[PDB]
Amino acid sequence: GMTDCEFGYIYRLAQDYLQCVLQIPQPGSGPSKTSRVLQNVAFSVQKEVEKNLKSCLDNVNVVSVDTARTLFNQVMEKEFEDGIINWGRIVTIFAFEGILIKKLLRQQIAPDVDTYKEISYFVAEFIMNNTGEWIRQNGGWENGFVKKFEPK
Amino acid sequence: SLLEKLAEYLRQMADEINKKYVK
């Protein structure tokens, strides 16, 4: 629907994906159709980035949620600085938060089981503020993203 | 330098997978 560009829905998508990466999906009714489609395509992107940029990703130490947030904001800002928005770029936002939570799990100085909820929050903040209008104009998650990325 | 390499590769792979043209 059109309200799926609001923060709450995006936050749930970002949290769903981190729980997917961390292998702790919550035993509710299950992730939404949107999330189920997003998890497969974002993970495929994530594993390709971690491979080709392995040596690159070993030069930064995500020791805290603050380092993850500034690193996320910095990298994402430069990715979208040309003003272009598309579903592929939005997918890479989720892929990158998955890269960050994996590094946090290993390197976080004081690990906290709620940390991935803080990551999901500033991920959703970025998506809403920088792509929310574009998402709505292109059908939202249900009528835009899912229609283009769901199985043939 | 690091943050530019990450931003570049993400932008590349983004516009790459973006050609999921369906519906």
Side-chain angles (χ1 to χ4, degrees), chain A residues 37 40-62 70-100 103 131 138-139 142-152, chain B:
Chain A
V37 173
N40 287 331
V41 68
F43 182 67
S44 179
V45 170
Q46 177 173 343
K47 295 300 293 168
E48 193 60 19
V49 174
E50 293 179 349
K51 171 183 290 187
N52 300 134
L53 305 185
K54 178 170 180 59
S55 301
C56 171
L57 294 167
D58 299 358
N59 286 13
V60 64
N61 306 322
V62 188
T70 63
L71 179 59
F72 174 89
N73 286 340
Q74 286 177 318
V75 174
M76 293 292 100
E77 282 170 12
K78 297 299 298 182
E79 177 176 5
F80 290 85
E81 70 175 10
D82 64 7
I84 294 170
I85 305 173
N86 57 46
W87 286 121
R89 289 191 181 196
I90 293 170
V91 166
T92 61
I93 304 177
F94 292 91
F96 192 59
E97 73 154 359
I99 294 176
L100 292 172
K103 292 184 68 59
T131 72
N138 286 272
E142 179 189 358
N143 295 306
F145 172 77
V146 167
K147 298 295 181 186
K148 306 248 283 193
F149 289 75
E150 67 186 348
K152 317 233 70 174
Chain B
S1 170
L2 166 67
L3 313 196
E4 175 47 38
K5 192 196 315 191
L6 304 178
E8 174 179 52
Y9 193 87
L10 294 173
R11 179 183 276 167
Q12 176 214 305
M13 187 137 292
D15 298 350
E16 172 172 327
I17 68 163
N18 189 42
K19 288 183 288 299
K20 235 103 158 179
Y21 293 131
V22 184
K23 280 165 281 173

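Letters A, B, ... are given to chains in the order of the sequence lines, protein chains preceding strands, and every chain is numbered from 1.
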Which pairs of donor and acceptor atoms, one on a side chain in residues 51-59 of chain A, lie under 3.5 Å apart (sequence neighbours left out)?
| residue | atom | partner | partner atom | Å |
| --- | --- | --- | --- | --- |
| A:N52 | OD1 | B:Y9 | OH | 2.2 |

Would you mind checking which part of A:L71 comes under 4.5 Å of any heavy atom in chain B, side chain (CB onward), backbone (N, CA, C, O), both or neither?
side chain
In terms of heavy-atom proximity below 4.5 Å to chain B, should A:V91 be classed as side chain, backbone, both, or neither?
side chain
Spatial distance of atom [atom1] ([X]) from atom [atom2] ([Y]) [nearest 0.5 Å]:
X     : Y     : atom1 : atom2 : value
B:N18 : A:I90 : CG    : CD1   : 9.0 Å
B:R11 : A:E81 : CZ    : CD    : 5.5 Å
B:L6  : A:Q74 : CG    : CD    : 10.5 Å

Options A:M76, A:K78, A:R89, ranked by heavy-atom pairs under 4.5 Å with chain B, top entry:
A:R89
Non-hydrogen atoms of B:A7 and A:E79 that approach each other most closely:
CB-N, 3.9 Å
Using heavy-atom distances under 4.5 Å, tell me whether B:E8 contacts chain A through its side chain, its backbone, both, or neither.
neither
Please list, in residue-number order, every residue in residues 142-152 of chain A that has a heavy atom less than 4.5 Å from any heavy atom of chain B; write 'none' if there are none.
A:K147, A:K148, A:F149, A:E150, A:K152
